[PDB]
Each structure stands twice: as C-alpha cells, then as structure tokens.
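Just so we're on the same page: letters track the sequence lines, and every chain starts at 1. When reading the values below, keep in mind they use all heavy atoms of this one structure, side chains included, and skip hydrogens, waters and symmetry mates.
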Amino acid sequence: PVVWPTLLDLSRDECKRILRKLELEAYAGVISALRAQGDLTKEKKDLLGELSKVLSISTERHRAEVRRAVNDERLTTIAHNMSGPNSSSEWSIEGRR
Amino acid sequence: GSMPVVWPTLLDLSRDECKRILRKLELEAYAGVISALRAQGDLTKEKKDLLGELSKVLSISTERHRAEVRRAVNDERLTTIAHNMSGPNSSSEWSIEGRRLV
C-alpha cells in the first residue's frame with residue numbers, strides 16, 4: 001500500500017532547513033568573533049571542533065567559514081586594531097586543512 | 001620633511017569603535033549558539049558544558065548566559081522548531097538552566 005509526502009512531512013523538512021541555517025549562522029558568528037579577537041590558537045581550534053560537531057557543520061563548511069572570516073576586511077581591521085598586525089597566520093593554515 | 005603635510009586619514013586607527021564591534025560580535029556569537037542549540041531540542045549536559053567553554057572565550061557573564069537561555073526557551077519560533085525536530089519535551093532542562101544560580 002502506497003504512502004507519500006504529506007504537508008507535515010514537508011513542514012518537518014522546512015524546519016530542518018531553518019535549523020541548518022540557524023546552525024551555520026551560529027557557527028559563522030563564532031568564527032567571526034574569534035577572528036576579530038586575533039589569530040587562531042589550539043584552544044580555540046579545539047573549541048571550534050566541538051561546536052562544529054554539536055551544530056552539524058561539516059569540515060568543508062568550517063574551512064569555508066574560516067577563510068570567509070580571514071578575508072573579511074571589517075574583521076581584519078578589527079583584529080588589526082585590537083591585537084595588532086600579526087593576526088591571521090594559523091587561521092589561514094587551518095583554512096587550508 | 002619626513003612627515004606628510006597632507007595626512008591621509010586612511011592610515012588612522014579606529015580603536016574605540018573596533019572595541020565596540022568586537023564586543024557586539026562576541027555577544028551576537030554567544031546568542032546565536034544559544035538560539036541554534038535551543039531549536040535543536042532540550043538542553044543536555046554536553047551542550048551546557050560546551051556553552052561554558054564558549055562563554056569563557058567570549059567573556060560572557062553567567063547573568064548574560066541565563067538571560068539568553070530565558071530568551072531562547074521562550075522564543076515562539078525557536079520553540080516551534082524544537083517541537084517539530086525533537087518532540088514535545090524540548091524546554092524543561094533549558095528552563096532549569098535559566099533559573100538557577102541566585
């Protein structure tokens with residue numbers, strides 16, 4: 001006997017889409033704040049690793065958010081002002097793997 | 001002489017404003033993690049302890065943490081997502097976390 005996608009099924013799929021957008025936005029927000037603080041450290045790398053697991057962020061999406069933040073001129077300016085010119089080695093290594 | 005007679009304001013720092021944007025970023029970062037975790041379902045010890053590591057790194061006080069929890073547990077949209085994702089018991093542990101410690 002057949003079955004098919006109901007409105008509830010499509011509703012649950014849409015909730016998953018909304019959740020995934022919230023999760024990626026959350027993770028990107030943490031990367032942005034950490035990048036603006038200065039360079040990446042091992043402790044922050046570890047913390048990001050746990051956050052990516054709990055927010056279901058793939059390594060591909062992680063690396064792309066690291067690069068986005070390293071390259072964002074506003075965040076780079078904040079790091080320059082707050083921490084000084086050394087601010088992105090280590091983030092850039094992480095964004096390469 | 002060595003120094004410019006027409007100083008290009010390009011060179012100037014904006015330390016006060018950057019300090020404020022950094023703080024805005026930190027608070028927005030923590031709030032967004034609370035909101036996403038709340039939309040997943042109820043709080044777990046693993047989420048609580050991870051939020052504790054995040055609050056250290058983002059300089060978030062325990063008062064601000066609990067206020068974010070109370071906000072998120074009561075957000076109608078985040079709660080609708082959690083009920084659809086995780087079922088009807090998606091709030092009690094969050095509400096405990098929002099209330100205790102004073």
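For a residue to count as touching a neighbouring chain, one of its non-hydrogen atoms must lie under 4.5 Å from one of that chain's; by this rule B:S14 touches chain A with backbone and side chain alike. Only the side chain of B:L78 comes within contact range of chain A, with heavy atoms under 4.5 Å apart. In this structure, chain A has a heavy atom under 4.5 Å from the side chain of B:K47, while its backbone stays farther away. With a threshold of 4.5 angstrom between heavy atoms, A:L55 approaches chain B through its backbone and through its side chain. Proximity to chain B (any heavy atom under 4.5 Å) is shown, for A:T77, by both the backbone and the side chain.
Checked for salt-bridge contact, A:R17 and A:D13 miss the test: no charged N lies under 4.0 Å from a carboxylate O.
Highest contact tally toward chain A, considering only B:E28, B:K19, B:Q40, is held by B:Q40 [criterion: heavy-atom pairs under 4.5 Å]. By number of non-hydrogen pairs under 4.5 angstrom with chain A, the leading residue of B:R23, B:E17, B:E26 is B:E26. Between chain A and the options B:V57, B:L37, B:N84, the largest number of non-hydrogen pairs under 4.5 Å is found for B:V57.
Judged by distance alone, with hydrogens and angles left aside, the side-chain atoms of A:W91 form a donor-acceptor pair with the main-chain N or O of A:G38 at under 3.5 Å.
Using a 4.5 Å heavy-atom cutoff, the side chains of B:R64 and B:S55 are not in contact. A:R67 has its side chain out of reach of A:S92: every pair of non-hydrogen atoms, C-beta onward, lies at least 4.5 Å apart.
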Derivation of the side chain to side chain donor-acceptor pair (under 3.5 Å) call for B:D12 and B:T9: CA-CA 5 Å; B:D12 293 338; B:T9 58; 5.1 Å; no
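With hydrogens and angles left out, the side-chain atoms of B:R71 and B:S35 include a donor and acceptor closer than 3.5 Å.
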